[PDB]
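Engineer: okay, here's the opening piece of the assembly, coordinates as they are in the complex:
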Amino acid sequence: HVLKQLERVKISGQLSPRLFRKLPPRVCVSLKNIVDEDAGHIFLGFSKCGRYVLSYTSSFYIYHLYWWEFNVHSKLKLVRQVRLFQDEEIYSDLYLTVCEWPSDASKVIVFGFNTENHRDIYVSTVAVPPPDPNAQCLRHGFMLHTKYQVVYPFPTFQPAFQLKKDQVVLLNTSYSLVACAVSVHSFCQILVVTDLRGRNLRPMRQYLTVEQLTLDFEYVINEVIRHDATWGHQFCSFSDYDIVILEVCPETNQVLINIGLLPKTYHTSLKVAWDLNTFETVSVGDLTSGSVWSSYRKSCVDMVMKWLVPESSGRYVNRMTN
């Protein structure tokens, strides 16, 4: 089937991976004993460019990440090695999850999540090796370990939206959502404890600037209940809220975030737009414990599916979780 497909390419002149996607992967290596300490190194998945095979140490714990060069048929060559969450004591097993920006491929972001009411979440960004060191290219290699926790109504991971915007990563803590922008070099995100490292040492924060933008959820909900709720004039109290990111537009730097706010508290679903450019506008209101949270999240995912717009292949956010 493949040969006539190439013949069609030779004549039509139109060749795209989408119509070369029906073919199975030609190369399939066992990767048995080929990876060092076949245990000592667990690979997640192929990189977006494909020239790297990310793998991390099983292991307090250290979680040493190691990038491996990928050849058609040969031993993989470890090309990078970092301990990810260094200034982070670990007493649990974390399901490692690493992603890359849709187009800003210079650096990747890894999120470690584990199995009570508070769950440990660890995030750190590392610069992929550019294709004394006395090499400015290597000097780029940086590290930004960060750690926080969330309340029992754990926020949805939604990794793609969390990183839809280039140069920026959205983290939704239980009480605020932070837009960290680790830009290395005029300014962005304008019109959290993030210890930085790199080469196994901590420099001052070629220079990299982390632009952090946060909205305190409780304050913005007080504003919305004060100014933009017809039944807000009779609002008594709100206890807990879940924040779900519907969509992130990087062109206009807007993120649409939903809140399933809960004489008794009644279930609602209040829509919010945040202009990252500079500044909160209420898009749509709503009307009148774990089960309602789940139903609300189900509603959000229905909305996202009902307005899914396939991102151009190559502008997707690859999620890499073994």
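Structural biologist: Done, it's in. Numbers count the residues shown, from 1 in each chain, chains lettered A, B, ... in the order given.
Engineer: which residues touch stretch A:13-29?
Structural biologist: Contacts to stretch A:13-29, defined as C-beta atoms under 8 Å, 6 or more residues apart in numbering, come from residues A:1-2, A:5, A:9, A:72-73, A:313. The way it works is simple: take the backbone N, C-alpha and C, and place the C-beta from them, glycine included.
Engineer: Okay, buried residues for it please.
Structural biologist: The neighbour-count check on stretch A:13-29 (16 or more other C-beta atoms under 10 Å) flags nothing as buried.
Engineer: likewise stretch A:307-322?
Structural biologist: A:317-320.
Engineer: How about stretch A:224-240?
Structural biologist: Quick answer for stretch A:224-240 (16+ other C-beta under 10 Å): A:224-225, A:229, A:238.
Engineer: Strands of the stretch 1-150 of chain A, residue ranges please.
Structural biologist: A:42-46, A:52-56, A:65-69, A:77-82, A:94-100, A:107-114, A:119-127, A:143-150 (DSSP state E, counting those that start in this stretch).
Engineer: Give me whichever of the ones you listed is most buried.
Structural biologist: Of the strands of the stretch 1-150 of chain A, the one with the most neighbours on average (mean count of other C-beta atoms under 10 Å) is strand A:52-56, at a mean of 23.
Engineer: What helices and strands are in contact with that one?
Structural biologist: strand A:42-46, strand A:65-69 (3 or more C-beta pairs under 8 Å, 6 or more residues apart in numbering; DSSP states H and E).
Engineer: How far away from the center of its chain is that strand?
Structural biologist: In terms of C-alpha atoms, centre = their mean, to the nearest Å, the centre of strand A:52-56 is found 17 Å from the chain centre.
Engineer: go on, stretch A:8-16?
Structural biologist: 36 Å.
Engineer: can you slot in chain B too:
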Amino acid sequence: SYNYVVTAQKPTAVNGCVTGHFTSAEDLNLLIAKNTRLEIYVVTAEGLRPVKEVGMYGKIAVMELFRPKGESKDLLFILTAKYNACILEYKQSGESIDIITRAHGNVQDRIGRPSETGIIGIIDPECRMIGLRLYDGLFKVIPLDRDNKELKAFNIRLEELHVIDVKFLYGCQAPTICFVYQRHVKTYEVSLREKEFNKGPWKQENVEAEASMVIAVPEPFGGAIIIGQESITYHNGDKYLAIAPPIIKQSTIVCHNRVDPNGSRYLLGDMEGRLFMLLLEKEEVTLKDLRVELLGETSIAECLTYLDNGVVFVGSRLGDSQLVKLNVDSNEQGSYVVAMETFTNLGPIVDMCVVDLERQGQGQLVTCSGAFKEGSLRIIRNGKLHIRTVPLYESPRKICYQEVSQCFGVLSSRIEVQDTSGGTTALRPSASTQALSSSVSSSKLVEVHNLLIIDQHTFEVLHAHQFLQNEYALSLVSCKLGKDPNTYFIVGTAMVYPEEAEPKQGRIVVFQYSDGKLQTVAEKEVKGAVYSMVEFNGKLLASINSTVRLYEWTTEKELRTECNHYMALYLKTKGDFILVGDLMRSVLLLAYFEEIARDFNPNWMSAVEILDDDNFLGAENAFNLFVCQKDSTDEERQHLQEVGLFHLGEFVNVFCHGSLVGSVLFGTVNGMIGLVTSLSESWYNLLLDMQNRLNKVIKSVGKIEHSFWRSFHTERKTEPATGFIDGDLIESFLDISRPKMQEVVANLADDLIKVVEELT
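Structural biologist: Adding chain B to what we have so far:
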């Protein structure tokens, strides 16, 4: 690497064709679209007297001549494949001819995935708005108001997410679209002010899976005709008509034209070259029954265009474009169609091997061209460029020259249809069955693959070698292997089976033309398919799948392998260095094997070429040109840095070394032939400053920035063009007037004239 790209031959494939009144209301015009080429022809009594051919800085993918109310003549809307839209208005004020660009702007959204079917551009019949399919699940809409200084295009979410093709219906009080989505047909009316997809005129309906075309039937008939294999269906609310003539089953219909203004007569074109006349019976104003009529055959049609006096312009892309005349009477062979004039077109250049058949260092380019029934060898020599065509009536793959016997071995494939009567009969009596002598492999070791040896003077097929059944011939080259001085015709086949997607068996077959008789000297069976071959210091370098094995020609008259390496498709050899162009691994280097350096950046290369020992070039599937060098660093040398980037705009299929008059010849599906020539650093700097200043003084039709047009562009990344000189721009410099030369030279005549003269 500092290279100079110029177009020796302008592309000739017809991308699109629109009939209207651009130059003047009274004068009928047939605009012809070729990659970055807009040809305007005024139909006259003598014929199509050409008017002007203005060059777009983009691949013309959407071309519609529409008449807004109040405009004396129809305006022109062009949308390049680089997503640049423009509105052109012809203006022959006095002697001066100027194509004023009324509107100019980019419409790229850089959000949705390019649609699987080709870009699609509709215009509202009442000229209210322009509909543009750009990405899956989206619909770019442009208002057509004249008052506002800035037209505010917007998008509306198409829910289907897989639409074959759309069209704007006729007579609806509001602009309603009618399309087919993967299959069913649905209609949603469009509101310009509300910017939403309101319910359409009629409900959705189910249609055959092969339905792939909607035609907007004009009033008074109304409704739309969905075209698909054994699926000629007419949709108009209650008026749901359908028809499945057996004549349609032969091939998918690919073209449609409105012969009758009322819509009673429509023209159909298919891949097989047949031309069907589609009739709508006129009942009182309704349709009783649909009918189609075959009128004969023509060259493979990309777009049909009915002209006055019952003549049609069969726009072609897989071959030669014809001016077929529709005779009211039937021909003796039952062909209502008669050819009158046939416009030349190199079409798909599958391969080319420059040869100096005569003396005087005048390299003459023989080129395998066309496909299916229109496959033919082309012979072009500098004058201007006289082109001799030798039809083969079958698809040629590649050609190699054997000067020993003064013959041209071409790999030809012809399509045959299976039947229970015997094995299988051929569609047409092509050259494979018209060869003087015929033989078959028949060695133990639908498409019929043959090796057609052809004379270099009379150009007549001397011998044909039909391979085994299901044997897919892939690669061919001629060289004198080893010590043996008899030049051999070494070819690579694939034992492709329908059950297996990827091949597993293939045979490297050594041939030699003995005084008119092709002898199978050797036949080495190789696991997998032989994708490409090339001589290497007297040893054949095969390419079995991803593996790349060199072979030795023993005195025992057999092939023995030397070493392996680890989907290789493109093998070019210079000295001891082997350049391997994989399909996704881009460029790789080798030596005699040991890997040297690979360009890690993924690119779907279509052809590769080794300019110099350290300047390696290839063209990807994005119609773009990149040259990568080998930096000489214990391991960084194993990295190939892409020194120069360029967006050619054509799918180069082959890279051949030589020159008609360094130099590299390349061939494109559109039929463009271009010259890649190296430059010195000082000369490159001078030429780049030259081009920069020229861009400032030369205007751009459609206000398209030349830097943007030539800038590298792929689905992942876009970078400005480096290491490459557009060439054609510099050629324009000589054509402009001396007062404008005075401007372009600015601070720094005859010397620039001389340099561009030698560049010509």
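Engineer: now with chain B: the buried residues of stretch A:13-29?
Structural biologist: Of all the residues in stretch A:13-29, those buried under the rule 16 or more other C-beta atoms under 10 Å in any protein chain shown are A:13, A:15, A:20.
Engineer: and chain B, which of these reach it?
Structural biologist: Applying C-beta under 8 Å from any C-beta of the partner chain, the subset of the buried residues of stretch A:13-29 adjacent to chain B comprises A:13, A:15, A:20.
Engineer: now, among those residues, which is nearest to residue B:71?
Structural biologist: The closest of those to residue B:71 turns out to be residue A:13 (C-beta to C-beta; 35.6 Å).
Engineer: Identify the residue spatially nearest to the most centrally placed residue in chain B, adjacent ones excluded.
Structural biologist: Nearest to the geometric centre of chain B sits residue B:669, at 3.5 Å (C-alpha atoms, centre = their mean). Excluding the flanking residues, the one nearest residue B:669 by C-beta to C-beta, 6 or more residues apart in numbering or on different chains is residue A:13, at 3.3 Å.
Engineer: Tell me the residues of chain A that contact chain B?
Structural biologist: A:1-4, A:6-7, A:9-20, A:23-24, A:26-27, A:49-51, A:72-74, A:103, A:131, A:251, A:307-315.
Engineer: Repeat the analysis, applying 7 Å as the threshold.
Structural biologist: A:1-3, A:10-11, A:13, A:15, A:18, A:23, A:26-27, A:49-51, A:72-73, A:131, A:307, A:309-314 (C-beta under 7 Å from any C-beta of the partner chain).
Engineer: Check the spacing between residue B:52 and chain A real quick.
Structural biologist: 27 Å (C-beta to the nearest C-beta, to the nearest Å).
Engineer: ok, now residue B:321?
Structural biologist: In terms of C-beta to the nearest C-beta, residue B:321 sits 16 Å off from chain A.
Engineer: For the nearest residue to that residue once chain neighbours are set aside, grab the count of nearby residues.
Structural biologist: The spatially closest residue to residue B:321, leaving aside those adjacent along the chain, is residue B:343, at 4.4 Å (C-beta to C-beta, 6+ apart). Neighbour count of residue B:343, defined by other C-beta atoms under 10 Å in any protein chain shown: 17.
Engineer: here's chain C, add it to the model above:
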Amino acid sequence: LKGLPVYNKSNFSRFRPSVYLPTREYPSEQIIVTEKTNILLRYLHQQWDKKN
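Structural biologist: Chain C goes in next, on the same frame as the chains above:
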């Protein structure tokens, strides 16, 4: 059948274009501009307008 239409009988009875390099400049009448607001954003704001 074959009662084909003719826009003008004279054409096709007695039976390459020069490149147009623009030197002078005529100002463009209008400019295409694409709306950048996201489709969810526009739709939700429009529904907000309706209930406001």
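Engineer: The buried residues of stretch A:307-322 again please, this time with chain C.
Structural biologist: A:307, A:309, A:311-312, A:315, A:317-320.
Engineer: Take those residues and lay them out in a markdown table including distance to chain C and secondary structure.
Structural biologist: Formatted as a markdown table, the buried residues of stretch A:307-322 follow (distance: C-beta to the nearest C-beta, whole Å; DSSP: H, G, I helix; E, B strand; the rest coil):
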| residue | distance to chain C | secondary structure |
| --- | --- | --- |
| A:307 | 5 | coil |
| A:309 | 7 | coil |
| A:311 | 13 | strand |
| A:312 | 15 | coil |
| A:315 | 15 | coil |
| A:317 | 17 | coil |
| A:318 | 22 | coil |
| A:319 | 22 | strand |
| A:320 | 27 | strand |
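Engineer: between these, which is nearest residue A:121?
Structural biologist: With C-beta to C-beta as the yardstick, the closest approach to residue A:121 among the buried residues of stretch A:307-322 comes from residue A:319, at 15.5 Å.
Engineer: measure the closest one to chain B for me?
Structural biologist: 18 Å.
Engineer: check contacts around that residue.
Structural biologist: A:97, A:99, A:159 (C-beta atoms under 7 Å, 6 or more residues apart in numbering or on different chains).
Engineer: so the residue in the stretch 351-500 of chain B that chain C sits nearest to is in which element?
Structural biologist: Of all residues in the stretch 351-500 of chain B, residue B:384 sits closest to chain C, at 11.9 Å by C-beta to the nearest C-beta. Following DSSP states H and E, there is no helix or strand that holds residue B:384.
Engineer: quick one on the thing from earlier: tell me which two in the buried residues of stretch A:307-322 are the farthest apart.
Structural biologist: Farthest pair in the buried residues of stretch A:307-322, by C-beta to C-beta: A:307 and A:320, 26.0 Å.
Engineer: rewinding a little: how deep is the residue of the stretch 351-500 of chain B closest to chain C tucked in, by neighbour count?
Structural biologist: Neighbours of residue B:384 (other C-beta under 10 Å): 7.
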